[PDB]
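Residue numbers (the deposited numbering), protein chains in the order written: chain y, 8 to 57; chain l, 1 to 52; chain k, 1 to 320; chain M, 1 to 459; chain V, 114 to 140; chain W, 81 to 143; chain o, 1 to 120; chain N, 1 to 347; chain 4, 1 to 19. Beta carbons are placed, not taken as given, at the ideal position from N, Cα and C, and that holds for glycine. Just below is one structure, and these are the notes that go with it.
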Ligand SMILES: CCCCCCCCCCCCCCCCCC(=O)OC[C@H](COP(=O)([O-])OC[C@H](O)COP(=O)([O-])OC[C@H](COC(=O)CCCCCCCCCCCCCCCCC)OC(=O)CCCCCCCCCCCCCCCCC)OC(=O)CCCCCCCCCCCCCCCCC
Ligand SMILES: CCCCCCCCCCCCCCCCCC(=O)OC[C@H](COP(=O)(O)OCCN)OC(=O)CCCCCCCCCCCCCCCCC
Ligand SMILES: C=C(C)[C@H]1Cc2c(ccc3c2O[C@H]2COc4cc(OC)c(OC)cc4[C@@H]2C3=O)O1
Ligand SMILES: Nc1ncnc2c1ncn2[C@@H]1O[C@H](COP(=O)(O)O)[C@@H](O)[C@H]1O
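Given below as structure tokens:
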């Protein structure tokens with residue numbers, strides 16, 4: 008690409024955002040297990056959040 | 001650090017002059033062979049804190 | 001490195017190449033002694049490598065493309081402006097003298113490196129043992145201050161002890177009348193401004209200090225001008241010398257190995273040329289030092305290490 | 001927070017692989033994109049803070065300081081690019097790298113979940129700032145400031161380090177989230193008194209405190225413009241942020257340990273404001289104004305009411321923007337007259353009318369003209385300190401006279417009167433300089449419309 | 114007048130609250 | 081992020097950090113008791129190996 | 001502290017029981033930081049010998065990154081092993097001494113009296 | 001010196017350190033120290049000048065007195081225990097004499113009075129060997145006798161070393177003496193945490209060896225032995241001033257550098273043991289050595305200097321000196337703090 | 001107008017034996 012330097016920070020954003028989602032799965036020990044938002048799962052659904 | 005090379009390689013570099021109860025030439029006992037043997041067999045494996 | 005301690009371990013000794021022809025022969029004389037051909041004549045009778053006399057740009061001739069760098073990069077000093085105004089305001093006298101002494105130290109390191117690495121003897125012109133013969137002849141003329149002489153003696157004390165004196169010193173007797181005659185017949189308008197007391201002080205520090213101290217650590221051969229016209233008698237005197245003075249006799253492989261490790265490290269040779277003594281004749285300010293360094297980086301072939309410059313046509317740098 | 005740290009780090013290959021004429025444009029563009037990205041931190045809640053991971057979190061205290069930090073980098077790149085034009089390209093990239101590294105340290109200083117990671121990043125911010133101030137400060141004469149930095153290290157950050165390791169051994173954690181629920185009352189004892197001084201004096205020097213402000217009209221003077229911008233805008237506010245975190249653990253001993261230092265600030269803002277009436281150096285005048293405004297933040301944190309924390313964080317954001325703009329105006333005259341003397345170049349409204357409009361607006365925000373958030377922070381701190389003691393309004397209001405007095409004097413001396421005759425290099429305003437003044441002032445004016453995003457976690 | 118008095122106060126409060134300077138190793 | 085996501089992520093963070101803080105205090109207490117008593121696998125400073133003793137009949141009987 | 005533990009089988013960098021522990025992934029952020037230290041080492045190596053820093057010796061920078069990742073992988077395995085041994089000894093010591101770690105009774109805040117200190 | 005003989009003598013230095021590290025009998029400990037001293041004496045006399053002969057004589061006398069005190073300690077151990085195991089001692093008099101003798105071998109105060117002189121008289125590579133490799137063997141013996149070490153003696157020696165290493169380097173313009181007082185201060189930092197946690201002692205030893213090796217390798221790469229010759233480095237190689245900057249900032253203990261790593265952990269291991277005043281004043285004294293480091297890099301490394309014209313000759317030649325492990329050691333001496341829990345591999 | 005740097009007077013304070 009002739010403008011390959013203008014994608015260092017934006018891909019560096021998205022990858023960073025990617026890792027944030029990657030950490031959320033490591034903090035899902037109380038997904039649908041709190042005393043405030045516990046509920047039965049709707050049909051065609053495996054998790055309450057991702 | 002005590003890098004225990006002698007036990008890792010299984011060689012006897014200087015364990016022999018270490019105590020009086022070890023194998024001496026011509027089976028010569030030390031004067032306190034029995035006492036040192038008793039104290040070594042007491043303090044073996046229990047650590048120095050429990051040994052004191 | 002190409003040469004190092006591993007080569008000394010693996011068998012590269014320098015007494016394996018130390019023949020009778022391995023002589024460091026130094027030819028010395030006044031400003032127009034005409035010895036410039038005589039040294040070359042020795043280099044066509046003994047089979048030795050002639051080194052010309054180190055000017056301002058000898059370091060430029062050793063590095064890069066060999067071409068002389070501009071005077072703001074190399075030297076920052078002028079011989080001809082010294083000939084015009086020897087008592088100048090900008091301090092060109094001792095700055096030129098110190099640059100020439102560092103050039104001679106680099107040339108003498110080159111001479112010992114070539115001698116110890118090839119076994120071929122080297123003929124020099126006015127080596128590091130005969131540079132102060134200008135300096136005191138400047139200082140007897142009041143061209144420089146006393147602090148310049150003290151700075152020069154400190155630099156010489158920390159640099160000349162590390163080396164070996166030459167095997168032979170060849171001195172040429174050309175008096176001040178014949179020097180001035182050859183100056184007027186030469187045709188350089190800057191060189192025709194050289195005075196008589198300066199040349200006489202050059203000759204007095206020759207005949208009274210340089211040769212009476214080199215007549216112990218080596219063997220002097222003092223010729224007049226017309227008998228130095230014949231190279232054959234000079235070479236005949238050289239080839240029948242019984243070398244028995246000086247520290248060349250107690251040179252084993254270890255001492256010459258340490259000397260060869262010294263002379264091949266050019267920054268270690270030039271280590272104490274710029275000693276931390278802030279003398280105004282040689283002190284460059286911080287902003288001018290930064291400016292000339294950033295301009296020397298922009299010179300082609302000088303930005304990186306020598307095998308690492310795409311502008312001059314170095315290939316395969318990514319695999320180096 | 002890792003969607004902000006990684007673009008800030010990707011500004012390093014962006015600044016070292018950029019073409020030589022493009023390194024300001026690229027870093028300014030991508031740092032403005034990071035500052036636009038920085039608004040995703042406004043996902044705050046009325047009960048819970050925004051808790052990203054085990055390492056990073058953001059309540060409504062850290063979020064506006066993060067947005068101001070990520071906004072300050074493009075402005076510093078604009079402000080510092082003129083006087084680095086004759087600089088070496090590699091040294092210019094080293095300057096930009098130290099700015100990027102300072103932003104990198106700050107944006108994970110404010111989000112530090114645990115307090116010793118806060119300490120590491122907090123004392124990590126000093127090193128690129130030190131190198132920026134002493135390598136690009138245009139003159140360095142620091143014979144008295146070396147001993148003062150030794151005093152900062154002795155009386156400040158090292159007792160904080162020993163105190164935080166002590167809390168790590170006692171409580172078992174230094175997570176601020178855990179310390180919200182495992183906080184024990186810190187009773188009256190001499191051990192707890194030295195504990196309070198260890199937890200507070202580092203942040204007291206960082207604010208700065210009156211009597212401890214000796215570094216700040218030196219370090220602001222001997223610095224480049226980007227260094228003065230980041231000192232006034234962010235690096236003072238680390239002390240206030242750290243006080244608002246560490247005063248959770250210091251209850252209830254704070255309720256009688258605050259009384260000396262409150263006096264040191266309540267009288268101190270009377271003095272330093274008065275000091276601004278006798279300043280020959282304009283940059284020193286803005287420095288003593290920064291001391292005179294951070295004294296109120298010290299008082300508002302030490303009295304620990306809700307209105308005082310709301311006013312203190314609003315005053316921190318507002319004073320960051322305002323004093324950064326004041327240093328940029330001081331530089332926009334220093335780049336022309338080549339001297340910081342405030343009586344040298346006078347009558348500049350005759351020559352630069354739009355720049356004098358920017359001087360007028362920055363002065364009116366400096367003297368807390370309502371409804372600006374300078375006044376909102378000032379006013380809420382004054383209300384809370386009236387609830388603390390009804391006499392302090394005098395020491396508030398008298399300050400609010402003198403704060404007006406040097407604000408317009410700085411306007412009247414530099415911009416009004418007769419122009420200086422022998423100065424003829426006064427160029428018209430470059431579009432860069434006016435853009436810098438507008439990117440300071442227009443966010444500061446837009447925050448008057450919606451101030452609720454800069455009033456902290458207990459709005 | 115300053116450092117000697119502050120040090121003597123520190124030694125007094127080390128007597129009071131039990132501050133150990135050559136503390137015995139426990140963990 | 082949803083308030084559910086932030087809320088439950090906060091609860092998981094708090095579980096991990098409370099477990100780590102309790103484990104740090106237990107680590108301190110375990111090291112204190114093992115240094116005091118010497119009956120654990122830590123602070124086992126060595127003594128003499130009793131396999132070095134010569135149990136042969138010696139030159140004299142009384143030993 | 002734990003020197004009586006690794007004295008029965010001395011001079012073992014990774015013991016046999018260390019193979020019961022999960023090894024670090026190759027995308028371990030600690031190991032990625034070690035590879036970044038290798039890249040910094042390659043850049044400093046080209047800087048101190050006046051080479052083009054980002055250009056010269058790409059094979060050399062590749063061996064710097066490779067060698068630091070290679071050493072750091074086993075260093076992280078030993079690190080994880082020693083913290084696992086620390087927790088194993090801790091838990092086995094608590095289990096073998098129930099008298100020293102009493103289950104202290106958990107009181108809710110309805111019985112706990114805390115002194116209220118008003119901010120006024 | 002013949003390079004084969006140099007290899008043999010350096011292998012004998014290493015062999016003496018190994019014999020001290022691996023042996024179970026006190027006589028072999030003493031033999032390893034004798035071998036180490038006898039082998040290191042020619043490394044100091046490599047250049048054959050009277051300063052190296054003075055330095056080697058002073059080093060010989062200090063290490064010989066220390067070796068005789070070590071053998072007297074071993075002999076009193078034999079009186080009161082009838083055996084020879086390198087373990088805890090069985091008499092407080094043997095404990096005091098062996099702590100004194102190892103303090104003389106390390107150069108800790110009040111026996112510090114040879115370390116600035118000897119390091120000044122010997123070359124930079126032999127000073128590197130003295131300040132890094134010669135610390136390994138007595139720290140090993142102190143690591144193995146710590147059940148018998150008197151706490152008051154080791155803490156008195158430690159804080160005396162830290163104060164004297166702090167207030168001795170404020171006056172110094174010679175780089176080798178700055179490194180020597182830094183050595184004395186770091187040995188105080190290693191031995192004060194010895195009876196609390198010896199793993200942090202090993203951590204401080206390894207981080208110190210890395211930073212000291214970085215500093216002496218930069219000194220050999222620039223051929224600078226004084227402050228003022230170090231100031232003339234930016235006009236020759238600008239990166240070397242950056243590296244001595246970051247490494248001297250690391251040796252004083254700045255965060256977030258790696259040399260902040262040990263001593264912070266040391267404070268972290270001294271407040272567990274309820275010692276608050278001692279690591280406090282200990283790091284107060286470390287602020288003084290950090291403070292003259294910041295004078296010695298602010299006043300005389302950052303802001304660029306008057307140079308000399310002969311330096312413009314030295315622009316035309318690159319460094320052919322073998323800068324062995326210098327980028328690796330410079331990265332490790334600065335950027336290692338994010339890997340601070342690596343210390344568990346030293347347990 | 002430019003940046004200050006050490007002169008000879010500043011530099012000679014670090015050239016003696018002791019500081
Ligand atoms: C989110 C959307 C929001 C939309 C609404 C906008 C909200 C506020 C935005 C910012 C407002 C100020 C903008 C202009 C000032 C800065 C530039 C300047 O000096 O230009 C002079 C220049 C006119 O002068 P010139 O003759 O051409 O050349 C200059 C002269 O040589 C020399 O100059 P000069 O001496 O002849 O004249 C200077 C004069 C000097 O006049 C003064 O100094 C008098 C001002 C103080 C006393 C009067 C106001 C007291 C407070 C009451 C009013 C506020 C509350 C009202 C609400 C109801 C009651 C509570 O200043 C003015 O006339 C400025 C008028 C506005 C002043 C606002 C208050 C500033 C005082 C300090 C802070 C006070 C508290 C905070 C106020 C916050 C308001 C929201 O203006 C322009 O060329 C306009 C440029 C474009 C302006 C765009 C504004 C919006 C920017 C935001 C962008 C993002 C959102 C998108 C919205 C876009 C809308 C188009
Ligand atoms: C628990 C403990 C177990 C054991 C752990 C391991 C401990 C490691 C301690 C390392 C001590 C290294 C001492 C120095 C190296 C030994 C040999 C030597 O001196 O080599 C230098 C050599 C001398 O050559 P020469 O010709 O005399 O130089 C004069 C200049 N014309 O050549 C030169 O002068 C060339 C210039 C560069 C030399 C750099 C040498 C760096 C060596 C240190 C590497 C870092 C330490 C290892 C990693 C950490 C280990 C703790
Ligand atoms: C001469 C030496 C050894 C040191 C001391 C010193 C410098 C360089 C720069 C400065 C300095 O003194 C400090 C004093 O106090 C602060 C406090 C600061 O923050 C707390 C702060 O932040 C940038 C800056 C400053 C001074 C500052 O600019 O080198
Ligand atoms: N102080 C000095 N005065 C004049 N010439 C000098 C001085 N120092 C060195 N030289 C050199 O000596 C040369 C004279 O030798 P020649 O080659 O015989 O002309 C001059 O051309 C200079 O290059």
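- DSSP places residue 124 (chain k) within a strand segment (E or B) once states are collapsed to three.
- In this chain, the beta strand (DSSP E) harbouring residue 173 (chain k) covers 168-173.
- Listed along chain V is no residue with a C-beta nearer than 8 Å to that of residue 105 (chain W); the closest approach is about 11 Å.
- Taking the CA atoms as reference points, residue 168 (chain k) sits about 25 Å from residue 98 (chain k).
- At a threshold of 7 Å, residue 428 (chain M) does not count as near ligand 1, since its beta carbon sits no closer than that to any of the ligand's heavy atoms.
- Boundaries for residue 90 (chain k): no alpha helix (DSSP H) harbours it, and the DSSP string shows neither H nor E there.
- Per DSSP, the beta-bridge partners of residue 51 (chain M) are 57 (chain M).
- Only those residues of the stretch 73-85 of chain N whose C-beta falls short of 8 Å from the nearest C-beta of chain l are listed: 82, 83, 84, 85.
- Only exposed fits residue 161 (chain k), as fewer than 16 other CB atoms lie within 10 angstroms of its CB.
- In the displayed model, residue 50 (chain k) falls within a strand according to three-state DSSP.
- Taken through DSSP and simplified to helix, strand or coil, residue 252 (chain M) comes out as strand.
- Against residue 1 (chain 4), the close residues of chain M are 338, in the order they occur along the chain (beta-carbon pairs closer than 8 Å).
- For the pair residue 270 (chain k) and residue 310 (chain N), the CB atoms are nearer than the 8 Å cut-off.
- Under DSSP, residue 28 (chain k) takes part in a beta bridge, and its partners are 171 (chain k).
- Contact between the stretch 92-112 of chain W and the stretch 163-179 of chain M is present: three or more C-beta pairs spanning the two stretches fall below 8 Å.
- Residue 221 (chain k) is bridged by DSSP to 170 (chain k).
- Between residue 139 (chain V) and residue 274 (chain N), the beta carbon gap of about 7 Å places them in contact (Cβ cut-off 8 Å).
- Legend: CB atoms of the stretch 311-330 of chain N lying less than 7 Å from CB atoms of chain o belong to residues 318, 319, 323, 326, 327, 328, 330.
- Under the three-state reduction of DSSP output, residue 113 (chain k) falls in the helix class.
- Using a Cβ distance threshold of 8 Å, residue 74 (chain k) and residue 104 (chain k) do not count as a contacting pair.
- Counting only the Cα atoms, residue 102 (chain M) lies some 24 Å from residue 327 (chain N).
- Between residue 134 (chain W) and residue 24 (chain l), the gap from beta carbon to beta carbon is short of 8 Å.
- If you look at residue 199 (chain M), you'll find it in the alpha helix (DSSP H) that goes 190-206.
- Residue-level contact check: residue 231 (chain N) touches chain 4, since one or more beta carbons of chain 4 fall below 8 Å from its beta carbon.
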